[PDB]
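Shown next, in structure tokens, is the structure this report addresses.
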Amino acid sequence: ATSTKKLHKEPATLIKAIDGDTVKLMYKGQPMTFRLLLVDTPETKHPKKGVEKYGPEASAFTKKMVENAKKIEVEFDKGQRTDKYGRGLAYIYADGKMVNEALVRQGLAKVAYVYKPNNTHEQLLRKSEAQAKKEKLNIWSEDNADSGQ
């Protein structure tokens with residue numbers, strides 16, 4: 001017997017994000033980390049390092065969208081829920097919007113290596129990842145104009 005069961009999302013209380021992928025949220029009233037699932041940042045650090053490209057853009061859009069979003073929802077996949085470092089493996093939903101899908105479609109990140117059975121919103125991230133590489137958004141923006149054999 002194996003077909004489909006049922007999933008459900010739950011409301012949480014974001015606490016404070018630290019990176020464009022590592023964010024600390026309040027689950028059931030507890031301080032825990034939450035690493036975007038299937039997402040990866042282009043390495044970021046302090047903005048006072050003479051940066052001027054994608055420094056304060058992906059990490060700023062993550063803590064900024066989670067700070068304004070008065071309703072931060074979370075949805076864990078069917079696979080494991082937490083990793084070994086206690087990171088929360090799931091997808092965030094600010095204002096009812098998959099925060100991850102926004103950082104992947106805005107060329108603000110990359111589809112982290114997918115590892116079954118976690119493969120629900122994978123194909124979706126595949127389409128947003130291609131369109132982003134076709135628009136040269138932020139990360140893909142460095143692709144420059146290279147085409148025509």
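Ligands are numbered from 1 in the order shown, chains are lettered A, B, ... in the order of the structure tokens, and residues start at 1 in each chain.
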Next on the checklist: Give me the residues near region 3-7 of chain A as a ChimeraX atom specification, where near means some atom within 9 Å (using only C-alpha atoms) and where sequence neighbours in that chain fewer than 2 positions away do not count.
Outcome noted: /A:1,9,75-78
Next on the checklist: Among chain A, which ones does DSSP assign to strand (DSSP E) (computed from the backbone)? Answer as a PyMOL selection string.
Outcome noted: chain A and resi 10-11+16-17+22-26+31-35+72-76+90-94+97-98
Would you write out those residues with N, CA, C and O atoms, as an mmCIF file, in the first residue's frame?
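Written file, out.cif:
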data_model
loop_
_atom_site.group_PDB
_atom_site.id
_atom_site.type_symbol
_atom_site.label_atom_id
_atom_site.label_comp_id
_atom_site.auth_asym_id
_atom_site.auth_seq_id
_atom_site.Cartn_x
_atom_site.Cartn_y
_atom_site.Cartn_z
ATOM 1 N N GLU A 10 2.024 25.033 9.043
ATOM 2 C CA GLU A 10 1.725 25.610 10.386
ATOM 3 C C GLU A 10 2.402 26.976 10.511
ATOM 4 O O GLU A 10 3.454 27.200 9.945
ATOM 5 N N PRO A 11 1.773 27.851 11.250
ATOM 6 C CA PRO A 11 2.273 29.235 11.488
ATOM 7 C C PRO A 11 3.435 29.220 12.486
ATOM 8 O O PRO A 11 3.515 28.369 13.348
ATOM 9 N N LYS A 16 15.091 35.725 14.049
ATOM 10 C CA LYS A 16 16.116 36.609 13.424
ATOM 11 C C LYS A 16 16.926 35.803 12.406
ATOM 12 O O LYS A 16 17.469 34.762 12.716
ATOM 13 N N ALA A 17 17.010 36.276 11.192
ATOM 14 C CA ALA A 17 17.784 35.536 10.156
ATOM 15 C C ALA A 17 19.267 35.889 10.274
ATOM 16 O O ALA A 17 19.625 36.981 10.668
ATOM 17 N N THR A 22 20.376 30.541 6.159
ATOM 18 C CA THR A 22 20.234 30.129 7.585
ATOM 19 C C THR A 22 19.367 31.148 8.327
ATOM 20 O O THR A 22 19.775 32.267 8.562
ATOM 21 N N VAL A 23 18.174 30.773 8.695
ATOM 22 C CA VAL A 23 17.287 31.726 9.421
ATOM 23 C C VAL A 23 16.781 31.074 10.709
ATOM 24 O O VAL A 23 16.402 29.920 10.726
ATOM 25 N N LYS A 24 16.764 31.809 11.787
ATOM 26 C CA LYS A 24 16.278 31.237 13.072
ATOM 27 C C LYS A 24 14.800 31.588 13.242
ATOM 28 O O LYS A 24 14.431 32.742 13.283
ATOM 29 N N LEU A 25 13.949 30.602 13.332
ATOM 30 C CA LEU A 25 12.495 30.888 13.490
ATOM 31 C C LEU A 25 12.011 30.363 14.844
ATOM 32 O O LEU A 25 12.713 29.653 15.534
ATOM 33 N N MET A 26 10.810 30.708 15.224
ATOM 34 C CA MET A 26 10.274 30.233 16.531
ATOM 35 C C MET A 26 9.233 29.138 16.285
ATOM 36 O O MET A 26 8.105 29.413 15.925
ATOM 37 N N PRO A 31 13.401 28.503 19.944
ATOM 38 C CA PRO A 31 14.470 29.047 19.066
ATOM 39 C C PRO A 31 15.168 27.912 18.311
ATOM 40 O O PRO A 31 15.892 27.123 18.886
ATOM 41 N N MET A 32 14.956 27.824 17.027
ATOM 42 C CA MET A 32 15.607 26.742 16.236
ATOM 43 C C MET A 32 16.056 27.299 14.886
ATOM 44 O O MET A 32 15.518 28.272 14.395
ATOM 45 N N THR A 33 17.040 26.694 14.280
ATOM 46 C CA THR A 33 17.525 27.196 12.963
ATOM 47 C C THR A 33 16.628 26.661 11.845
ATOM 48 O O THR A 33 15.890 25.713 12.024
ATOM 49 N N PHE A 34 16.692 27.263 10.689
ATOM 50 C CA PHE A 34 15.851 26.796 9.550
ATOM 51 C C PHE A 34 16.601 27.043 8.238
ATOM 52 O O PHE A 34 16.628 28.146 7.728
ATOM 53 N N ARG A 35 17.214 26.030 7.691
ATOM 54 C CA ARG A 35 17.967 26.215 6.417
ATOM 55 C C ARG A 35 17.031 25.985 5.227
ATOM 56 O O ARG A 35 16.422 24.942 5.097
ATOM 57 N N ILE A 72 4.391 34.443 8.810
ATOM 58 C CA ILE A 72 5.435 33.518 8.286
ATOM 59 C C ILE A 72 4.980 32.072 8.487
ATOM 60 O O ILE A 72 4.910 31.581 9.597
ATOM 61 N N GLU A 73 4.669 31.384 7.422
ATOM 62 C CA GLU A 73 4.220 29.971 7.552
ATOM 63 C C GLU A 73 5.368 29.033 7.177
ATOM 64 O O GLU A 73 6.284 29.409 6.474
ATOM 65 N N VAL A 74 5.326 27.813 7.639
ATOM 66 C CA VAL A 74 6.417 26.854 7.309
ATOM 67 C C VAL A 74 5.813 25.533 6.830
ATOM 68 O O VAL A 74 4.736 25.144 7.239
ATOM 69 N N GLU A 75 6.500 24.840 5.964
ATOM 70 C CA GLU A 75 5.973 23.543 5.456
ATOM 71 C C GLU A 75 7.116 22.529 5.371
ATOM 72 O O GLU A 75 7.986 22.629 4.528
ATOM 73 N N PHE A 76 7.123 21.552 6.238
ATOM 74 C CA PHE A 76 8.212 20.535 6.204
ATOM 75 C C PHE A 76 7.894 19.484 5.138
ATOM 76 O O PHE A 76 6.749 19.164 4.889
ATOM 77 N N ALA A 90 13.051 22.800 5.416
ATOM 78 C CA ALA A 90 11.648 22.992 4.950
ATOM 79 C C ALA A 90 11.566 24.238 4.066
ATOM 80 O O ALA A 90 12.568 24.811 3.687
ATOM 81 N N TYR A 91 10.375 24.659 3.736
ATOM 82 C CA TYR A 91 10.223 25.867 2.880
ATOM 83 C C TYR A 91 9.446 26.938 3.647
ATOM 84 O O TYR A 91 8.443 26.660 4.274
ATOM 85 N N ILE A 92 9.901 28.160 3.603
ATOM 86 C CA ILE A 92 9.183 29.243 4.331
ATOM 87 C C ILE A 92 8.106 29.840 3.425
ATOM 88 O O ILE A 92 8.147 29.697 2.218
ATOM 89 N N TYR A 93 7.141 30.508 3.994
ATOM 90 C CA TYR A 93 6.061 31.113 3.165
ATOM 91 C C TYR A 93 5.708 32.495 3.716
ATOM 92 O O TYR A 93 4.837 32.637 4.551
ATOM 93 N N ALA A 94 6.377 33.517 3.255
ATOM 94 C CA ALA A 94 6.078 34.889 3.752
ATOM 95 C C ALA A 94 4.851 35.439 3.021
ATOM 96 O O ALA A 94 4.790 35.443 1.809
ATOM 97 N N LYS A 97 3.835 33.187 0.444
ATOM 98 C CA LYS A 97 4.722 33.067 -0.747
ATOM 99 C C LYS A 97 5.969 32.262 -0.375
ATOM 100 O O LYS A 97 6.684 32.597 0.547
ATOM 101 N N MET A 98 6.238 31.203 -1.091
ATOM 102 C CA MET A 98 7.440 30.380 -0.778
ATOM 103 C C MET A 98 8.686 31.266 -0.824
ATOM 104 O O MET A 98 9.251 31.506 -1.871
#
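Atom to atom, CA of residue 68 (chain A) and CA of residue 101 (chain A) stand 17.3 Å apart.
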Next on the checklist: Please return, as a PyMOL selection string, all residues of region 42-113 of chain A that DSSP assigns to alpha helix (DSSP H) on the basis of the backbone.
Outcome noted: chain A and resi 55-68+99-105
Selection file, C-alpha atoms, as a PDB file, in the first residue's frame:
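The result, stored in part00.pdb:
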ATOM      1  CA  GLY A  55      26.237  41.458  -0.801  1.00  0.00           C
ATOM      2  CA  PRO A  56      23.258  43.082   0.972  1.00  0.00           C
ATOM      3  CA  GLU A  57      20.718  41.790  -1.579  1.00  0.00           C
ATOM      4  CA  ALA A  58      19.918  38.096  -1.001  1.00  0.00           C
ATOM      5  CA  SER A  59      20.508  38.091   2.775  1.00  0.00           C
ATOM      6  CA  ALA A  60      18.790  41.493   3.032  1.00  0.00           C
ATOM      7  CA  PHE A  61      15.771  40.275   1.023  1.00  0.00           C
ATOM      8  CA  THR A  62      15.501  37.216   3.304  1.00  0.00           C
ATOM      9  CA  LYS A  63      15.539  39.012   6.677  1.00  0.00           C
ATOM     10  CA  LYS A  64      13.576  41.903   5.130  1.00  0.00           C
ATOM     11  CA  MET A  65      10.777  39.763   3.641  1.00  0.00           C
ATOM     12  CA  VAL A  66      10.580  37.719   6.861  1.00  0.00           C
ATOM     13  CA  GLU A  67      10.510  40.901   8.975  1.00  0.00           C
ATOM     14  CA  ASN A  68       7.669  42.559   7.036  1.00  0.00           C
ATOM     15  CA  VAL A  99      10.323  32.632   0.329  1.00  0.00           C
ATOM     16  CA  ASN A 100      12.685  30.069  -1.242  1.00  0.00           C
ATOM     17  CA  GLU A 101      10.858  30.216  -4.599  1.00  0.00           C
ATOM     18  CA  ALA A 102      11.385  34.003  -4.479  1.00  0.00           C
ATOM     19  CA  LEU A 103      15.135  33.748  -3.799  1.00  0.00           C
ATOM     20  CA  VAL A 104      15.495  31.140  -6.574  1.00  0.00           C
ATOM     21  CA  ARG A 105      13.419  32.958  -9.221  1.00  0.00           C
TER      22      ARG A 105
END
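Restricting the calculation to only C-alpha atoms, the smallest distance between residue 111 (chain A) and any of A:85, A:40, A:2, A:15 is found for A:40.
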